[PDB]
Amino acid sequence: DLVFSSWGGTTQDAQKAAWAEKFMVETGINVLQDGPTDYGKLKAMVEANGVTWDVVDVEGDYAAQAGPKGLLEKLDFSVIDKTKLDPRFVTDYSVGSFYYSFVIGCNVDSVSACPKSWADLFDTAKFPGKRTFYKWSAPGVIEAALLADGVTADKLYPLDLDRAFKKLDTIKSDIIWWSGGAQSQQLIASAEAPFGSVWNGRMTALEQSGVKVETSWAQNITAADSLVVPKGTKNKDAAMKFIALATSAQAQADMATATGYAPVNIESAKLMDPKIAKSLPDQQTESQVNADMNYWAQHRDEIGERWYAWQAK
């Protein structure tokens, strides 16, 4: 059997529906689900020569630097056809999985007003109470703090970390961190932290489950996940076939329809319901910021050290 690791909950259930049977039908190989994706567990299984995750959905900045570290198999591009894949996310070790945004999600009926901008989300006087942000070092929170502090979209990089941390310090005691997707959904839906910066598709899933949530796409911050194969998988050929399948046009359109994330196959949009395609992150362009995952990949360890040290300060 092939094991696919992803971010759990609604997103991984949707990837399972969109990809698993298609793979089983095409190859006769059964797909098993595991996770949540955890870079420490990925590195540990590679180092133990005990790889149990054959294909992993990871953040693109992690994917772009994990290959040279010896964590990943080089992808087989004689099997994976890069001709229809989003070229921004193809490396020797990875291809794109889906394109997403950090947005300002809000449990509208639990608050006096939903924050519309990053500046609003950073204004505890006007928008009181707890707010939620991603716990782990990754593109998004630092950029949102800089945007809330008046940095224009085109001037974010190189990141001014001191400025971002000073801006985060103004609201630090009012942050409840989300470690993963389901926790972000719990925090918003319960009104424990009724607004925050969240993965857009997690708000689509809450709405799909009947929960009333509002999303502001103002200065939404884009990024992408990738599919990678940990170094030492015992199912290498099957992993490459799974990535070729998961990134094919229909499979990507089905993932997008099921999640609210944008596809990373250039022939997928045309297969989708136009009413659904219009709402995807790659169409929410009126006021949008693009996170630079290559910049993060080049400085990943250093930003991470600073991020965790600041959290503990």
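From 1 onward, residues are counted along the sequence shown.
Checked against the record, the higher mean CA B factor of 103-111 and 193-201 lies with 103-111.
Taking only CA atoms, the mean B-factor in the PDB entry is higher for 122-130 than for the other of 181-189 and 122-130. Looking at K135, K231, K116, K155, the one whose CA carries the top B-factor in the deposited record is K155. The maximum CA B-factor among the listed residues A63, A262, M45, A249, taken from the PDB record, is found at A249.
In this PDB entry, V141 carries a Cα temperature factor that places it within the lowest third of its chain's modelled residues. Among all modelled residues in this chain, the alpha-carbon of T83 has a temperature factor (C-alpha) in the highest third. Remark: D162 belongs to the highest third of its chain, ranked by C-alpha B-factor as recorded. Looking at the C-alpha B-factors along this chain, the one for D254 belongs to the middle third.
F77: CA B factor in the highest third of modelled residues in this chain (values from the PDB entry).
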